[PDB]
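Below: the structure, in structure tokens.
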Amino acid sequence: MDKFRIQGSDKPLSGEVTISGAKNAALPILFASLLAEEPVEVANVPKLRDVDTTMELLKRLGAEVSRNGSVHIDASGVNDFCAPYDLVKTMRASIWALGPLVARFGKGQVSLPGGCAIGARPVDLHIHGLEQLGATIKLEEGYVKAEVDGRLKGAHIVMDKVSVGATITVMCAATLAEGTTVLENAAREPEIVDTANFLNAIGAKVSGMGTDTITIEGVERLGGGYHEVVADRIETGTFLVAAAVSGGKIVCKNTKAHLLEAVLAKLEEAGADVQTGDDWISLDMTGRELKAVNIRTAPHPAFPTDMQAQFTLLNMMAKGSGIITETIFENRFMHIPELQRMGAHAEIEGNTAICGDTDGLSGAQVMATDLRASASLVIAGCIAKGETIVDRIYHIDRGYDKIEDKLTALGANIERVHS
Ligand SMILES: CC(=O)N[C@H]1[C@@H](OP(=O)(O)OP(=O)(O)OC[C@H]2O[C@@H](n3ccc(=O)[nH]c3=O)[C@H](O)[C@@H]2O)O[C@H](CO)[C@@H](O)[C@@H]1O
Ligand SMILES: *[C@H](C)[C@H](O)P(=O)(O)O
Numbered sequence: 123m124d125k126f127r128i129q130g131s132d133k134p135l136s137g138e139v140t141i142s143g144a145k146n147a148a149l150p151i152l153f154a155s156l157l158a159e160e161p162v163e164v165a166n167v168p169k170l171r172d173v174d175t176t177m178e179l180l181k182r183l184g185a186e187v188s189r190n191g192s193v194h195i196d197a198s199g200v201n202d203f204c205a206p207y208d209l210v211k212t213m214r215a216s217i218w219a220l221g222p223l224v225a226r227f228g229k230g231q232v233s234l235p236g237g238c239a240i241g242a243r244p245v246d247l248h249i250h251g252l253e254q255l256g257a258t259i260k261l262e263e264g265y266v267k268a269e270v271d272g273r274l275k276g277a278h279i280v281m282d283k284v285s286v287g288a289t290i291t292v293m294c295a296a297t298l299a300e301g302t303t304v305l306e307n308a309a310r311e312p313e314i315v316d317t318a319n320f321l322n323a324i325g326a327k328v329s330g331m332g333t334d335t336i337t338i339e340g341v342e343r344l345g346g347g348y349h350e351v352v353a354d355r356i357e358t359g360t361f362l363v364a365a366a367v368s369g370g371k372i373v374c375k376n377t378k379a380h381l382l383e384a385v386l387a388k389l390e391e392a393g394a395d396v397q398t399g400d401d402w403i404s405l406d407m408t409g410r411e412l413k414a415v416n417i418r419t420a421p422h423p424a425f426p427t428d429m430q431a432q433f434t435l436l437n438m439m440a441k442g443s444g445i446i447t448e449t450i451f452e453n454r455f456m457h458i459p460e461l462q463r464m465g466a467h468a469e470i471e472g473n474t475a476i477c478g479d480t481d482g483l484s485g486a487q488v489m490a491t492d493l494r495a496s497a498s499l500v501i502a503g504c505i506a507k508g509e510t511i512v513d514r515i516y517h518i519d520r521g522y523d524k525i526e527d528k529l530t531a532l533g534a535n536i537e538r539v540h541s
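The sequence shown begins at 123 in our numbering and counts up one residue at a time.
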């Protein structure tokens, strides 16, 4: 059990970071490569334990996989169709294997994900999406088992609710169905756009991505090809917040402002000087007062739930109260009790956190529990007085490529410690 040991400072975090490819685009694209009959190259793939878990599932199902800068997949030989209980419990994104397997091979099993602390996370929309495409699905011994006789069939699918995951499941599966799929009330996240762009690079016909209505005209087989994953907008946001809450200046390279306009506008609302270029974003906080903002999480292009913990920290440190309402995962406030151990002030009322003022943080032992809660704990440790120990940081390594190297380059004192 790795830990982060952090020596806090009042010196601003400043300098440059180079942004990695989006975890949340890399993962679905890797599962979508289960559709592909010829070799695939996915470039700009972050080095994350979820990418490792994905590669290990891909290999288990029969694809030949290897990596470094790119990930290389030869899925021609896929010859197994189960995502085991052990693998799904380590990462629920493995649910994405169900769609391509059933659409390509007419059969697939994926363990049904268990409980998650951040809120109810059912997969009813994924199942119902596949049923509308012609799948027969049953639950048996904790397994979602899907079958179709022959090919899936294009259907008009109106999603009950906006879901990123379920959008990816029906979109990817629709690429191999006979005829046309119209997916209505689709999620508009950039990683949906990136996956659809990847499906097109491999021979699919997906249009409307980035809109509330995606059109997929199915083909018999997908080929292979090349695709460079979009930059991680949430890693981008995270470093920009690091700069803002510490009063520093940072340039995030290999990223793009169009992926996080909501976060950028709020960082300006919070008093930061945000500038952008062709593939960079900079924030300057030097000589500027941090003011609290109100935030309401919602689907893209609104402010992202994946930035909410990071902005709870910002508001906590900023002058003023700041109200954060979570409409996506109504219980994603596990970082708050940990931050309160460091002397942060906030009240939690239902799905609303009201962030107070504090004079400053004070290092303590705190525990990572989910990806973004962790990142906010690491950042707080960098700005607290004294030594913070963040335990169970394997959570962070699921979602960030060597965050401690990138923070070190911005002037942080952070050590990865083993046991
Ligand atoms: C691996 C990955 O890409 N994960 C991201 C993805 O997760 P994920 O794809 O699970 O998130 P969804 O957009 O599907 O979920 C949004 C809401 O819809 C609900 N829901 C979802 C599916 C379903 O079948 N039924 C249902 O009720 C969920 O409980 C949640 O409250 O989008 C989230 C919202 O931006 C991000 O926080 C995650 O980092
Ligand atoms: C729900 C279970 C959370 O996302 P995880 O960090 O446990 O995967």
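We treat Cβ as the ideally placed atom computed from N, Cα and C, and that holds for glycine.
Should residue i go down as buried or exposed, given a rule of 16 or more other Cβ atoms within 10 Å for buried?
i, result
"residue 123", "exposed"
"residue 154", "buried"
"residue 488", "buried"
"residue 377", "buried"
"residue 283", "exposed"
"residue 441", "exposed"
"residue 316", "buried"
"residue 388", "buried"
"residue 541", "exposed"
"residue 502", "buried"
"residue 319", "buried"
"residue 526", "buried"
"residue 258", "exposed"
"residue 191", "exposed"
"residue 125", "buried"
"residue 306", "exposed"
"residue 449", "exposed"
"residue 276", "buried"
Could you compute how far the alpha carbon of residue i sits from the alpha carbon of residue j?
i, j, result
"residue 151", "residue 239", "26 angstroms"
"residue 111", "residue 292", "Residue coverage of the chain in this structure runs from 123 to 541, which leaves residue 111 outside it and unanswerable."
"residue 520", "residue 173", "8 angstroms"
"residue 226", "residue 157", "6 angstroms"
"residue 452", "residue 479", "23 angstroms"
"residue 465", "residue 365", "20 angstroms"
"residue 482", "residue 166", "38 angstroms"
"residue 220", "residue 232", "6 angstroms"
"residue 297", "residue 518", "33 angstroms"
"residue 397", "residue 386", "9 angstroms"
"residue 299", "residue 335", "18 angstroms"
"residue 322", "residue 332", "14 angstroms"
"residue 272", "residue 294", "17 angstroms"
"residue 340", "residue 303", "8 angstroms"
"residue 228", "residue 159", "15 angstroms"
"residue 539", "residue 484", "20 angstroms"
"residue 537", "residue 177", "28 angstroms"
"residue 529", "residue 252", "42 angstroms"
"residue 461", "residue 210", "30 angstroms"
"residue 495", "residue 187", "31 angstroms"
"residue 256", "residue 279", "12 angstroms"
"residue 476", "residue 433", "12 angstroms"
"residue 207", "residue 391", "45 angstroms"
"residue 553", "residue 202", "Beyond the ends of the chain as shown, which are 123 and 541, falls residue 553; an answer cannot be given."
"residue 510", "residue 499", "9 angstroms"
"residue 222", "residue 235", "18 angstroms"
"residue 356", "residue 182", "30 angstroms"
"residue 393", "residue 212", "39 angstroms"
Could you check how far apart the C-beta atoms of residue i and residue j are, in whole angstroms? I think they sit under 8 angstroms.
i, j, result
"residue 492", "residue 456", "6 angstroms"
"residue 445", "residue 430", "Between residue 430 and residue 445 the Cβ distance is about 12 angstroms, and since that is not below 8 angstroms, they are no contact."
"residue 443", "residue 135", "Actually they are not in contact, since the Cβ atoms of residue 443 and residue 135 sit about 25 angstroms apart, beyond 8 angstroms."
"residue 359", "residue 407", "At roughly 15 angstroms, the Cβ-Cβ gap does not stay under 8 angstroms, so residue 359 and residue 407 are not in contact."
"residue 247", "residue 205", "Contact flag wrong, Cβ pair sits at about 18 angstroms."
"residue 412", "residue 438", "About 10 angstroms; that fails the 8 angstroms criterion."
"residue 310", "residue 421", "7 angstroms"
"residue 531", "residue 139", "7 angstroms"
"residue 144", "residue 352", "5 angstroms"
"residue 170", "residue 523", "6 angstroms"
Okay, do the region 316–326 and the region 343–350 touch, 3+ Cβ pairs below 8 angstroms being the bar?
yes
Which residues are close to ligand 2, meaning CB closer than 5 angstroms to any heavy atom, in chain order?
238 and 492
Contact between the region 373–389 and the region 398–407 is defined here as three or more beta-carbon pairs at a separation below 8 angstroms; is this criterion met?
yes
Whether or not the region 375–395 and the region 411–430 are in contact is what I'm after, with contact meaning three or more pairs of Cβ atoms, one per stretch, closer than 8 angstroms; do they touch?
yes
Using a Cβ distance threshold of 8 angstroms, determine whether the region 197–205 contacts the region 353–370, with at least three qualifying pairs required.
no
Is it a yes or a no for the region 266–286 touching the region 125–135, going by three-plus beta-carbon pairs under 8 angstroms?
no
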